[PDB]
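Everything below concerns the one structure shown next.
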Amino acid sequence: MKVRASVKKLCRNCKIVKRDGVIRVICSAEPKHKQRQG
Amino acid sequence: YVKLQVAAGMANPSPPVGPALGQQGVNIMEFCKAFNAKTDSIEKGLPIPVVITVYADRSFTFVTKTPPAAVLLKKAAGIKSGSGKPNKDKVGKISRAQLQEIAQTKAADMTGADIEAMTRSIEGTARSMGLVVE
Amino acid sequence: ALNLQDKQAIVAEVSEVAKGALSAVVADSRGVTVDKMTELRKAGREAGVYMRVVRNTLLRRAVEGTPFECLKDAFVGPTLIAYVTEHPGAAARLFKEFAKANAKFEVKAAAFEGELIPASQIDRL
Amino acid sequence: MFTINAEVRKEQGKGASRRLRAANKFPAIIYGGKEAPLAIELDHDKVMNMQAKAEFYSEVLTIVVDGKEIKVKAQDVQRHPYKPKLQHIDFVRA
Amino acid sequence: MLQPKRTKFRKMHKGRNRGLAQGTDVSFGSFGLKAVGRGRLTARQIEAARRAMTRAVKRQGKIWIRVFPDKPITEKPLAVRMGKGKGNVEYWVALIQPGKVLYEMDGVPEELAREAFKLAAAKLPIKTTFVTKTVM
Amino acid sequence: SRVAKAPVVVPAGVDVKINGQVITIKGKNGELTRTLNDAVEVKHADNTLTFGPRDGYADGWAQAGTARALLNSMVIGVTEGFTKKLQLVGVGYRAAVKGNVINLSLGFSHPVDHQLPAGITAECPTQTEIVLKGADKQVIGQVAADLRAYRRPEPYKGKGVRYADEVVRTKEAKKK
RNA sequence: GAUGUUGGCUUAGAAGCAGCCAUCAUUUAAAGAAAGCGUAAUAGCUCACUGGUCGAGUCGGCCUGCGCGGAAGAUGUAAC
RNA sequence: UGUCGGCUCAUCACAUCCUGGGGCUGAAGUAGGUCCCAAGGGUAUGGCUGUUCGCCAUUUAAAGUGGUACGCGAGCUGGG
Ligand SMILES: [Mg+2]
Ligand SMILES: [Mg+2]
Ligand SMILES: [Mg+2]
Ligand SMILES: [Mg+2]
Ligand SMILES: [Mg+2]
Ligand SMILES: [Mg+2]
Ligand SMILES: [Mg+2]
Ligand SMILES: [Mg+2]
Ligand SMILES: [Mg+2]
Ligand SMILES: [Mg+2]
Ligand SMILES: [Mg+2]
Ligand SMILES: [Mg+2]
Ligand SMILES: [Mg+2]
Ligand SMILES: [Mg+2]
Ligand SMILES: [Mg+2]
Ligand SMILES: [Mg+2]
Ligand SMILES: [Mg+2]
Ligand SMILES: [Mg+2]
Ligand SMILES: [Mg+2]
Ligand SMILES: [Mg+2]
Ligand SMILES: [Mg+2]
Ligand SMILES: [Mg+2]
Ligand SMILES: [Mg+2]
Ligand SMILES: [Mg+2]
Ligand SMILES: [Mg+2]
Ligand SMILES: [Zn+2]
């Protein structure tokens with residue numbers, strides 16, 4: 001979970017979401033792309 | 001249902017043929033020497049494509065087709081290897097009669113409507129490896 | 001994609017070979033390889049047959065160009081049409097043996113004389 | 001062909017101009033020829049999307065002012081420094 | 001790393017940075033990187049940036065640098081009281097006002113240029129935008 | 001929106017009781033009940049259900065869309081029912097069903113047993129495979145997931161409790 | 001999601017997918033000498049692209065208004 | 001407005017040294033790396049140096065980082 005203040009789409013399968021007032025980046029493909037803002 | 005490109009009267013080295021279609025259940029020496037018995041007529045040094053058709057009983061039927069556009073363009077321009085830098089560096093030459101001979105061989109081997117369509121697909125493989133058409 | 005101008009020109013080409021053609025056959029094109037389809041395109045240019053897969057609501061506009069208008073309900077489902085510009089038949093005799101050879105798709109409804117022929121009676125052509 | 005609608009300016013100076021620019025309108029001028037100058041105001045948007053073509057600068061356009069057209073060319077134009085905006089346009093009578 | 005070959009005087013008044021920029025327009029290239037915000041550019045910044053957009057174009061097209069760091073900044077070192085003169089010359093800077101054009105570019109595809117300029121601006125202290133040269 | 005405006009057809013023998021915001025749908029596969037969000041208004045017409053917003057709310061259409069999916073699944077539930085399939089990957093992983101309790105031998109020390117909540121029934125056609133039937137989509141899905149919770153299927157040999165359909169990707173050992 | 005074809009170069013192997021260079025032509029409704037996983041190299045898996053079903057709006061920039069994250073400290077809330 | 005260090009006594013923070021929960025890994029397991037959450041409790045004896053610090057020896061689950069007039073002389077010491 002890369003936790004950082006700039007979060008992005010690292011491929012075409014990464015999908016941005018706002019859960020509980022946090023912006024995360026979720027991937028089906030690549031567990032390494034899982035991000036949270038912070 | 002496999003395909004390979006095998007030199008004219010040749011077969012049964014280990015890295016090119018035996019393992020590739022040998023993991024598929026095919027008897028190796030019947031393919032090898034019925035293919036050297038069929039392709040004994042292909043000139044020495046030309047790879048000729050062979051389409052191997054395998055069935056659930058391992059008895060196979062292969063259609064040996066005519067030598068590649070690239071191999072008949074290696075031989076009709078006289079050359080050995082084509083260009084490593086195609087249409088930048090140009091390695092040989094063929095008049096339209098050789099485009100049309102290679103495209104009668106491949107008139108047996110193409111999808112083309114006319115010998116102009118097969119001459120144009122051999123034109124395409126003539127621009128691919130660098131060769132000049134003259 | 002296709003601009004309105006694109007679609008207009010293409011409707012003009014289908015309407016133009018439709019006027020010039022003696023007989024037509026509409027069929028399902030689904031579930032068949034491009035290998036067997038280029039095989040029926042060779043068996044097509046050999047029989048004089050003009051082969052096409054064209055949009056449906058495009059073919060209502062081209063077939064409004066007469067007298068194939070009995071075919072406008074044959075355009076529901078994927079449409080592959082065989083126009084024989086040379087000879088009538090040779091589309092309808094080629095398609096039944098191609099669909100029995102493949103055992104895929106359908107070959108639904110034909111048109112000749114200005115009338116539509118149901119699927120089991122295309123043996124007339 | 002480009003047709004720009006405009007009104008005659010009843011005011012002048014820095015104040016007038018900046019109230020103009022706040023209202024999403026902007027000042028320009030029409031001079032050249034035998035006549036006197038004519039100061040006018042325009043809609044920022046219309047013109048901003050109009051000069052978004054090249055010909056605007058090479059061509060004879062028309063300006064509708066109080067029922068009356070004038071035919072003019074684009075002479076020079078000063079733009080706001082960093083903003084996608086127009087401060088002003090010099091129109092020369094065509 | 002840019003710096004005046006020779007100067008009239010060695011040191012300078014801190015001065016102010018006020019008002020707007022001159023050279024608001026792209027006079028050479030097809031595209032340019034314009035500054036929206038107001039700030040001082042050290043030579044280091046400009047150099048690093050020029051590098052960034054030089055990697056980005058794979059050394060094709062052409063790049064101008066419209067700004068020059070001509071004014072010297074001083075610093076007294078640590079642990080030194082006030083007075084005893086003016087500090088020693090540390091580095092050079094260019095005063096930047098809103099609407100200057102930092103770099104110009106051309107001979108390249110637009111998309112690529114917007115990109116290269118994003119990468120260039122990552123290295124800059126101030127707010128910047130992309131711009132195209134116009135007719136008139 | 002594009003969801004709320006596709007109405008739900010209630011098939012024959014499927015009973016719709018609407019009291020205020022409280023729906024109760026009954027049928028051959030059992031009974032279910034749901035209080036809708038207050039922003040939504042749902043109406044019964046012919047045999048079909050139609051959902052639209054109500055005034056005084058901003059979100060009316062998102063709430064609606066959800067209402068539609070909910071009651072649609074509630075219909076499917078008491079007619080056809082619902083099925084979830086899991087299977088256990090790896091040696092010595094067993095599954096037994098005694099009444100509403102599932103016996104899992106997952107390779108822990110102790111036996112792992114899962115109480116099933118009401119409205120859910122389970123069966124193992126094998127040692128390595130469980131299937132649950134139930135009316136309630138959300139509930140059966142949950143239960144399924146709790147079973148998946150015990151041993152989650154893993155990065156290498158795939159060992160664990162997976163859904164029968166579920167795609168599992170592994171990776172190789174770090175070489176050396 | 002096609003033929004020439006495993007384009008040529010190179011390699012023990014490069015076959016759209018190490019690397020270098022070209023990137024044409026055919027049957028086309030459409031099919032990159034291929035956008036990724038894959039192989040010792042293949043095979044195998046999607047994509048670009050097009051026909052079908054569907055049925056009315058959808059795409060992404062620009063300019064701005066107000067908000068979100070970025071945001072940790074010591075006695076006690078303690079930054080209306 | 002008594003200056004370093006030791007002593008006695010502490011107390012707060014959290015940017016966590018251990019123990020607790022967790023994501024990602026170039027995570028086979030064992031053992032780790034990095035990040036997230038967490039202040040409930042725990043957090044070494046000696047040799048040398050006036051020492052804080054450090055170095056070394058041998059421990060332990062670990063020998064946390066800081067605030068408190070670099071906590072604490074109307075509590076002690078006086079080596080500096
Ligand atoms: Mg939560
Ligand atoms: Mg005055
Ligand atoms: Mg004033
Ligand atoms: Mg001054
Ligand atoms: Mg000046
Ligand atoms: Mg629109
Ligand atoms: Mg904030
Ligand atoms: Mg924090
Ligand atoms: Mg506190
Ligand atoms: Mg108050
Ligand atoms: Mg923390
Ligand atoms: Mg842990
Ligand atoms: Mg290991
Ligand atoms: Mg960890
Ligand atoms: Mg503690
Ligand atoms: Mg407690
Ligand atoms: Mg001691
Ligand atoms: Mg010690
Ligand atoms: Mg001693
Ligand atoms: Mg001592
Ligand atoms: Mg003290
Ligand atoms: Mg202390
Ligand atoms: Mg003291
Ligand atoms: Mg005291
Ligand atoms: Mg003393
Ligand atoms: Zn991703």
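Ordering of the structure tokens sets the chain letters (A, B, ...), residue numbers begin anew at 1 in every chain, and ligands are numbered from 1 in the order given.
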
Within segment 24-108 of chain E, find each residue whose DSSP state, derived from the backbone, is strand (DSSP E), and express the selection as a ChimeraX atom specification. /E:31-35,39-42,62-65,71-75,88-96,101-106

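Per DSSP on the backbone, alpha helix (DSSP H) in chain E comprises residues 43, 44, 45, 46, 47, 48, 49, 50, 51, 52, 53, 54, 55, 56, 110, 111, 112, 113, 114, 115, 116, 117, 118, 119, 120 and 121 of chain E.
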
Requested write-out: N, CA, C and O atoms of the selected residues, as a CSV table (one decimal), in the first residue's frame:
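In the end it all went to again-v2.csv:
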chain,number,residue,atom,x,y,z
E,43,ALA,N,20.1,29.7,-11.1
E,43,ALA,CA,20.6,29.1,-12.3
E,43,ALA,C,20.4,27.6,-12.2
E,43,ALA,O,20.2,27.0,-13.2
E,44,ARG,N,20.6,27.1,-11.0
E,44,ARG,CA,20.5,25.6,-10.8
E,44,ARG,C,19.1,25.1,-11.3
E,44,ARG,O,19.1,24.1,-12.0
E,45,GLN,N,18.1,25.8,-10.9
E,45,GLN,CA,16.7,25.5,-11.3
E,45,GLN,C,16.6,25.4,-12.8
E,45,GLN,O,16.2,24.4,-13.4
E,46,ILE,N,17.0,26.5,-13.4
E,46,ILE,CA,16.9,26.6,-14.9
E,46,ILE,C,17.7,25.5,-15.6
E,46,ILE,O,17.2,24.9,-16.5
E,47,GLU,N,18.9,25.2,-15.1
E,47,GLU,CA,19.7,24.1,-15.7
E,47,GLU,C,19.1,22.7,-15.5
E,47,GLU,O,18.9,22.0,-16.5
E,48,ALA,N,18.7,22.4,-14.3
E,48,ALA,CA,18.0,21.1,-14.1
E,48,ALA,C,16.9,21.0,-15.0
E,48,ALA,O,16.7,19.9,-15.6
E,49,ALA,N,16.1,22.0,-15.1
E,49,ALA,CA,14.9,22.0,-15.9
E,49,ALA,C,15.2,21.7,-17.4
E,49,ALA,O,14.6,20.8,-18.0
E,50,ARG,N,16.1,22.6,-17.9
E,50,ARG,CA,16.5,22.4,-19.3
E,50,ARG,C,17.0,21.0,-19.6
E,50,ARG,O,16.7,20.4,-20.7
E,51,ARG,N,17.7,20.4,-18.6
E,51,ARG,CA,18.0,19.0,-18.7
E,51,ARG,C,16.8,18.1,-18.9
E,51,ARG,O,16.7,17.3,-19.8
E,52,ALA,N,15.9,18.3,-17.9
E,52,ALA,CA,14.7,17.5,-17.9
E,52,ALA,C,14.0,17.4,-19.3
E,52,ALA,O,13.9,16.4,-20.0
E,53,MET,N,13.7,18.6,-19.9
E,53,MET,CA,13.1,18.7,-21.2
E,53,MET,C,14.0,18.3,-22.3
E,53,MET,O,13.6,18.1,-23.5
E,54,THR,N,15.4,18.2,-22.1
E,54,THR,CA,16.3,17.7,-23.1
E,54,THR,C,16.3,16.2,-23.2
E,54,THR,O,16.4,15.6,-24.2
E,55,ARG,N,16.1,15.5,-22.0
E,55,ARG,CA,15.9,14.1,-22.0
E,55,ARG,C,14.6,13.8,-22.7
E,55,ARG,O,14.5,12.8,-23.5
E,56,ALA,N,13.6,14.6,-22.4
E,56,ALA,CA,12.2,14.3,-22.9
E,56,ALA,C,12.0,14.3,-24.4
E,56,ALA,O,11.2,13.6,-24.9
E,110,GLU,N,3.1,18.4,-30.7
E,110,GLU,CA,2.5,19.1,-29.6
E,110,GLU,C,2.4,18.3,-28.3
E,110,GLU,O,2.9,18.7,-27.3
E,111,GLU,N,1.8,17.2,-28.4
E,111,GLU,CA,1.5,16.3,-27.3
E,111,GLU,C,2.8,16.1,-26.5
E,111,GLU,O,2.9,16.4,-25.3
E,112,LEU,N,3.9,15.7,-27.2
E,112,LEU,CA,5.2,15.5,-26.7
E,112,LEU,C,5.7,16.7,-25.9
E,112,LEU,O,6.3,16.6,-24.9
E,113,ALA,N,5.4,17.9,-26.5
E,113,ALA,CA,5.9,19.1,-25.9
E,113,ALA,C,5.2,19.5,-24.6
E,113,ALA,O,5.8,19.9,-23.7
E,114,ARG,N,3.9,19.3,-24.6
E,114,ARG,CA,3.2,19.5,-23.3
E,114,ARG,C,3.8,18.6,-22.3
E,114,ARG,O,4.0,19.0,-21.1
E,115,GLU,N,4.1,17.4,-22.7
E,115,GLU,CA,4.7,16.4,-21.8
E,115,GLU,C,6.1,16.9,-21.2
E,115,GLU,O,6.2,17.1,-20.0
E,116,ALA,N,7.0,17.2,-22.1
E,116,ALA,CA,8.3,17.7,-21.8
E,116,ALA,C,8.2,18.9,-20.9
E,116,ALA,O,9.1,19.1,-20.0
E,117,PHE,N,7.2,19.7,-21.1
E,117,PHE,CA,7.1,20.9,-20.3
E,117,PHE,C,6.6,20.6,-18.9
E,117,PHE,O,6.9,21.3,-17.9
E,118,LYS,N,5.7,19.6,-18.8
E,118,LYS,CA,5.3,19.2,-17.5
E,118,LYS,C,6.5,18.7,-16.7
E,118,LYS,O,6.8,19.2,-15.6
E,119,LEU,N,7.3,17.9,-17.3
E,119,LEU,CA,8.6,17.4,-16.7
E,119,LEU,C,9.6,18.5,-16.4
E,119,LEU,O,10.4,18.3,-15.4
E,120,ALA,N,9.6,19.5,-17.2
E,120,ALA,CA,10.5,20.6,-16.9
E,120,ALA,C,10.0,21.4,-15.7
E,120,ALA,O,10.8,21.8,-14.9
E,121,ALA,N,8.7,21.6,-15.7
E,121,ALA,CA,8.1,22.5,-14.6
E,121,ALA,C,8.1,21.8,-13.3
E,121,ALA,O,8.0,22.5,-12.2

Which neighbours of segment 51-64 of chain H fall inside 10 Å, counting only C-alpha atoms (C1' of nucleotides), when residues of the same chain fewer than 4 positions from it are skipped, and could you give them as a PyMOL selection string? chain H and resi 4-6+16-19+42-47+79-80

Would you give me, as a VMD selection string, the residues of chain A that come within 7 Å of chain G, using only C-alpha atoms (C1' of nucleotides)? chain A and resid 5 22 37 to 38

With only C-alpha atoms (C1' of nucleotides) considered, list every residue of chain D at most 12 Å from chain G, as a PDB file with N, CA, C and O atoms, in the first residue's frame.
ATOM      1  N   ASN D  24     -17.236  40.603 -18.074  1.00  0.00           N
ATOM      2  CA  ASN D  24     -16.993  39.659 -19.163  1.00  0.00           C
ATOM      3  C   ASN D  24     -17.215  40.306 -20.527  1.00  0.00           C
ATOM      4  O   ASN D  24     -17.752  39.706 -21.461  1.00  0.00           O
ATOM      5  N   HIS D  44     -16.380  39.154 -24.576  1.00  0.00           N
ATOM      6  CA  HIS D  44     -15.081  38.506 -24.516  1.00  0.00           C
ATOM      7  C   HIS D  44     -15.107  37.115 -25.125  1.00  0.00           C
ATOM      8  O   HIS D  44     -14.197  36.727 -25.848  1.00  0.00           O
ATOM      9  N   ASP D  45     -16.169  36.381 -24.836  1.00  0.00           N
ATOM     10  CA  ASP D  45     -16.261  34.985 -25.225  1.00  0.00           C
ATOM     11  C   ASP D  45     -16.354  34.810 -26.731  1.00  0.00           C
ATOM     12  O   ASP D  45     -15.546  34.096 -27.324  1.00  0.00           O
ATOM     13  N   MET D  48     -13.206  35.705 -28.367  1.00  0.00           N
ATOM     14  CA  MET D  48     -12.127  34.809 -27.944  1.00  0.00           C
ATOM     15  C   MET D  48     -12.200  33.473 -28.697  1.00  0.00           C
ATOM     16  O   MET D  48     -11.178  32.862 -29.024  1.00  0.00           O
ATOM     17  N   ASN D  49     -13.415  33.023 -28.977  1.00  0.00           N
ATOM     18  CA  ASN D  49     -13.608  31.806 -29.743  1.00  0.00           C
ATOM     19  C   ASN D  49     -13.498  32.067 -31.245  1.00  0.00           C
ATOM     20  O   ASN D  49     -13.281  31.143 -32.029  1.00  0.00           O
ATOM     21  N   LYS D  83      -3.314  34.858 -18.663  1.00  0.00           N
ATOM     22  CA  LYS D  83      -4.658  34.313 -18.754  1.00  0.00           C
ATOM     23  C   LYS D  83      -5.109  34.122 -20.197  1.00  0.00           C
ATOM     24  O   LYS D  83      -4.685  34.867 -21.081  1.00  0.00           O
ATOM     25  N   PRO D  84      -5.966  33.114 -20.449  1.00  0.00           N
ATOM     26  CA  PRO D  84      -6.551  32.966 -21.789  1.00  0.00           C
ATOM     27  C   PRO D  84      -7.520  34.112 -22.080  1.00  0.00           C
ATOM     28  O   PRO D  84      -8.722  33.874 -22.225  1.00  0.00           O
ATOM     29  N   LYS D  85      -7.009  35.340 -22.150  1.00  0.00           N
ATOM     30  CA  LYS D  85      -7.876  36.509 -22.234  1.00  0.00           C
ATOM     31  C   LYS D  85      -7.395  37.576 -23.219  1.00  0.00           C
ATOM     32  O   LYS D  85      -6.261  37.537 -23.706  1.00  0.00           O
TER      33      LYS D  85
END

Need the shell around residue 15 of chain F: protein/DNA/RNA residues with any atom at most 8 Å away, counting only C-alpha atoms (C1' of nucleotides). Skip same-chain ones fewer than 3 positions apart. Format as a tab-separated table (two decimals) with N, CA, C and O atoms, in the first residue's frame?
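Saved to result16.tsv:
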chain	number	residue	atom	x	y	z
F	24	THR	N	-42.40	-6.21	1.56
F	24	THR	CA	-42.30	-7.62	1.90
F	24	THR	C	-42.65	-8.44	0.67
F	24	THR	O	-43.77	-8.36	0.15
F	25	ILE	N	-41.67	-9.20	0.19
F	25	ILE	CA	-41.89	-10.03	-0.98
F	25	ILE	C	-41.89	-11.50	-0.57
F	25	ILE	O	-40.98	-11.97	0.12
F	26	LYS	N	-42.93	-12.22	-0.98
F	26	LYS	CA	-43.11	-13.63	-0.62
F	26	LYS	C	-43.21	-14.55	-1.83
F	26	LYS	O	-43.69	-14.14	-2.89
F	27	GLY	N	-42.79	-15.80	-1.67
F	27	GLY	CA	-42.94	-16.75	-2.75
F	27	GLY	C	-42.50	-18.14	-2.37
F	27	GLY	O	-42.20	-18.42	-1.20

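What separates atom CA of residue 9 of chain A from atom CA of residue 1 of chain C is a distance of 27.7 Å.
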
Any idea which chain A residues end up within 9 Å of chain H if we count only C-alpha atoms (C1' of nucleotides), as a PDB file with N, CA, C and O atoms, in the first residue's frame please?
ATOM      1  N   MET A   1       0.832  -1.196   0.000  1.00  0.00           N
ATOM      2  CA  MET A   1       0.000   0.000   0.000  1.00  0.00           C
ATOM      3  C   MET A   1       0.858   1.234   0.000  1.00  0.00           C
ATOM      4  O   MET A   1       1.255   1.703   1.063  1.00  0.00           O
ATOM      5  N   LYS A   2       1.165   1.759  -1.178  1.00  0.00           N
ATOM      6  CA  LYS A   2       1.939   2.992  -1.232  1.00  0.00           C
ATOM      7  C   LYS A   2       1.048   4.085  -0.691  1.00  0.00           C
ATOM      8  O   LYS A   2      -0.069   4.322  -1.179  1.00  0.00           O
ATOM      9  N   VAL A   3       1.541   4.736   0.344  1.00  0.00           N
ATOM     10  CA  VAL A   3       0.744   5.709   1.038  1.00  0.00           C
ATOM     11  C   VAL A   3       1.380   7.058   0.797  1.00  0.00           C
ATOM     12  O   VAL A   3       2.448   7.361   1.333  1.00  0.00           O
ATOM     13  N   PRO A  31      -1.288  -5.982  -7.499  1.00  0.00           N
ATOM     14  CA  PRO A  31      -1.328  -5.665  -6.063  1.00  0.00           C
ATOM     15  C   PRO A  31      -0.371  -4.527  -5.685  1.00  0.00           C
ATOM     16  O   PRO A  31      -0.627  -3.786  -4.736  1.00  0.00           O
ATOM     17  N   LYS A  32       0.719  -4.399  -6.435  1.00  0.00           N
ATOM     18  CA  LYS A  32       1.706  -3.349  -6.220  1.00  0.00           C
ATOM     19  C   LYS A  32       1.225  -1.926  -6.511  1.00  0.00           C
ATOM     20  O   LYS A  32       1.907  -0.957  -6.182  1.00  0.00           O
ATOM     21  N   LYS A  34      -1.642  -0.779  -5.395  1.00  0.00           N
ATOM     22  CA  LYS A  34      -2.643  -0.440  -4.391  1.00  0.00           C
ATOM     23  C   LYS A  34      -2.161   0.748  -3.569  1.00  0.00           C
ATOM     24  O   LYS A  34      -1.141   0.680  -2.886  1.00  0.00           O
TER      25      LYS A  34
END

Find the residues around segment 88-91 of chain C up to 10 Å (only C-alpha atoms (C1' of nucleotides) counted), leave out those fewer than 6 positions away in its own chain, and share them as a list in words.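 Final neighbour list, sorted by chain and number: residues 21, 22, 23, 24, 25, 26, 43, 44, 46, 47, 48, 49, 50, 51, 81, 82, 110, 112, 122, 123, 124 and 125 of chain C.
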
Neighbouring residues of ligand 21 are defined here as those with any atom at most 12 Å from a ligand atom, counting only C-alpha atoms (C1' of nucleotides) and all ligand atoms; list them as a PDB file with N, CA, C and O atoms (P, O5', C5', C4', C3', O3' and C1' of nucleotides), in the first residue's frame.
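Full text of out-v4.pdb as output:
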ATOM      1  P     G H   2      19.217  32.181  41.497  1.00  0.00           P
ATOM      2  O5'   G H   2      20.376  31.645  40.550  1.00  0.00           O
ATOM      3  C5'   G H   2      20.290  30.353  39.972  1.00  0.00           C
ATOM      4  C4'   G H   2      21.655  29.753  39.768  1.00  0.00           C
ATOM      5  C3'   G H   2      21.681  28.316  39.266  1.00  0.00           C
ATOM      6  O3'   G H   2      21.504  28.230  37.859  1.00  0.00           O
ATOM      7  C1'   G H   2      23.192  28.559  41.080  1.00  0.00           C
ATOM      8  P     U H   3      21.248  26.815  37.138  1.00  0.00           P
ATOM      9  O5'   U H   3      22.693  26.420  36.584  1.00  0.00           O
ATOM     10  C5'   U H   3      23.497  27.401  35.956  1.00  0.00           C
ATOM     11  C4'   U H   3      24.726  26.836  35.292  1.00  0.00           C
ATOM     12  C3'   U H   3      24.939  25.324  35.254  1.00  0.00           C
ATOM     13  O3'   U H   3      24.105  24.558  34.383  1.00  0.00           O
ATOM     14  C1'   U H   3      26.951  26.348  35.833  1.00  0.00           C
ATOM     15  P     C H   4      23.917  22.960  34.629  1.00  0.00           P
ATOM     16  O5'   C H   4      25.168  22.275  33.909  1.00  0.00           O
ATOM     17  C5'   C H   4      25.056  21.752  32.592  1.00  0.00           C
ATOM     18  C4'   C H   4      26.236  20.885  32.210  1.00  0.00           C
ATOM     19  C3'   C H   4      26.100  19.400  32.515  1.00  0.00           C
ATOM     20  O3'   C H   4      25.350  18.695  31.539  1.00  0.00           O
ATOM     21  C1'   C H   4      28.209  20.155  33.269  1.00  0.00           C
ATOM     22  P     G H   5      24.249  17.613  31.991  1.00  0.00           P
ATOM     23  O5'   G H   5      25.092  16.462  32.701  1.00  0.00           O
ATOM     24  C5'   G H   5      25.826  15.515  31.938  1.00  0.00           C
ATOM     25  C4'   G H   5      26.667  14.628  32.823  1.00  0.00           C
ATOM     26  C3'   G H   5      25.914  13.797  33.853  1.00  0.00           C
ATOM     27  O3'   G H   5      25.350  12.608  33.316  1.00  0.00           O
ATOM     28  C1'   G H   5      27.730  14.871  34.898  1.00  0.00           C
ATOM     29  P     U H  52      28.524   9.172  31.241  1.00  0.00           P
ATOM     30  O5'   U H  52      27.611  10.030  30.260  1.00  0.00           O
ATOM     31  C5'   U H  52      26.508  10.755  30.772  1.00  0.00           C
ATOM     32  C4'   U H  52      25.992  11.787  29.796  1.00  0.00           C
ATOM     33  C3'   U H  52      25.754  11.331  28.365  1.00  0.00           C
ATOM     34  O3'   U H  52      24.558  10.579  28.195  1.00  0.00           O
ATOM     35  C1'   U H  52      26.826  13.445  28.371  1.00  0.00           C
ATOM     36  P     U H  68      13.013  21.100  27.039  1.00  0.00           P
ATOM     37  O5'   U H  68      12.315  21.117  28.475  1.00  0.00           O
ATOM     38  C5'   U H  68      11.062  21.757  28.656  1.00  0.00           C
ATOM     39  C4'   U H  68      10.260  21.152  29.784  1.00  0.00           C
ATOM     40  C3'   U H  68      10.863  21.240  31.172  1.00  0.00           C
ATOM     41  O3'   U H  68      10.655  22.516  31.747  1.00  0.00           O
ATOM     42  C1'   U H  68       9.940  19.086  30.824  1.00  0.00           C
ATOM     43  P     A H  69      11.390  22.945  33.108  1.00  0.00           P
ATOM     44  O5'   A H  69      12.878  23.282  32.651  1.00  0.00           O
ATOM     45  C5'   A H  69      13.160  23.990  31.448  1.00  0.00           C
ATOM     46  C4'   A H  69      14.445  24.765  31.570  1.00  0.00           C
ATOM     47  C3'   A H  69      15.552  24.087  32.392  1.00  0.00           C
ATOM     48  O3'   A H  69      16.837  24.375  31.834  1.00  0.00           O
ATOM     49  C1'   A H  69      14.997  26.161  33.361  1.00  0.00           C
ATOM     50  P     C H  70      18.052  23.330  32.000  1.00  0.00           P
ATOM     51  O5'   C H  70      18.248  22.782  30.521  1.00  0.00           O
ATOM     52  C5'   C H  70      17.147  22.240  29.807  1.00  0.00           C
ATOM     53  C4'   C H  70      17.571  21.086  28.938  1.00  0.00           C
ATOM     54  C3'   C H  70      18.303  19.952  29.647  1.00  0.00           C
ATOM     55  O3'   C H  70      17.430  19.030  30.291  1.00  0.00           O
ATOM     56  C1'   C H  70      19.524  20.581  27.731  1.00  0.00           C
ATOM     57  P     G H  71      17.770  18.439  31.753  1.00  0.00           P
ATOM     58  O5'   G H  71      16.377  18.564  32.518  1.00  0.00           O
ATOM     59  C5'   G H  71      15.438  19.577  32.167  1.00  0.00           C
ATOM     60  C4'   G H  71      14.318  19.650  33.169  1.00  0.00           C
ATOM     61  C3'   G H  71      14.768  19.651  34.618  1.00  0.00           C
ATOM     62  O3'   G H  71      15.050  20.952  35.092  1.00  0.00           O
ATOM     63  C1'   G H  71      13.160  17.974  34.309  1.00  0.00           C
ATOM     64  P     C H  72      16.368  21.236  35.966  1.00  0.00           P
ATOM     65  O5'   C H  72      16.103  20.451  37.327  1.00  0.00           O
ATOM     66  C5'   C H  72      15.067  20.842  38.223  1.00  0.00           C
ATOM     67  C4'   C H  72      14.831  19.798  39.297  1.00  0.00           C
ATOM     68  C3'   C H  72      16.019  19.445  40.180  1.00  0.00           C
ATOM     69  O3'   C H  72      16.099  20.308  41.299  1.00  0.00           O
ATOM     70  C1'   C H  72      14.955  17.466  39.410  1.00  0.00           C
ATOM     71  P     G H  73      17.071  21.580  41.315  1.00  0.00           P
ATOM     72  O5'   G H  73      18.362  21.032  42.064  1.00  0.00           O
ATOM     73  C5'   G H  73      18.229  20.100  43.120  1.00  0.00           C
ATOM     74  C4'   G H  73      19.173  20.415  44.247  1.00  0.00           C
ATOM     75  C3'   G H  73      19.134  21.845  44.758  1.00  0.00           C
ATOM     76  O3'   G H  73      18.127  22.027  45.738  1.00  0.00           O
ATOM     77  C1'   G H  73      21.391  21.130  44.428  1.00  0.00           C
TER      78        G H  73
END

Could you tell me, counting only C-alpha atoms (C1' of nucleotides) and all ligand atoms, which protein and nucleic acid residues lie no more than 9 Å from ligand 20, written as a ChimeraX atom specification? /H:48-50

With C-alpha atoms (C1' of nucleotides) retained, could you export that selection as a PDB file, in the first residue's frame?
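Written output follows (result_29.pdb):
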ATOM      1  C1'   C H  48      37.344   3.015  30.580  1.00  0.00           C
ATOM      2  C1'   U H  49      36.434   8.363  30.771  1.00  0.00           C
ATOM      3  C1'   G H  50      34.482  13.989  35.314  1.00  0.00           C
TER       4        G H  50
END
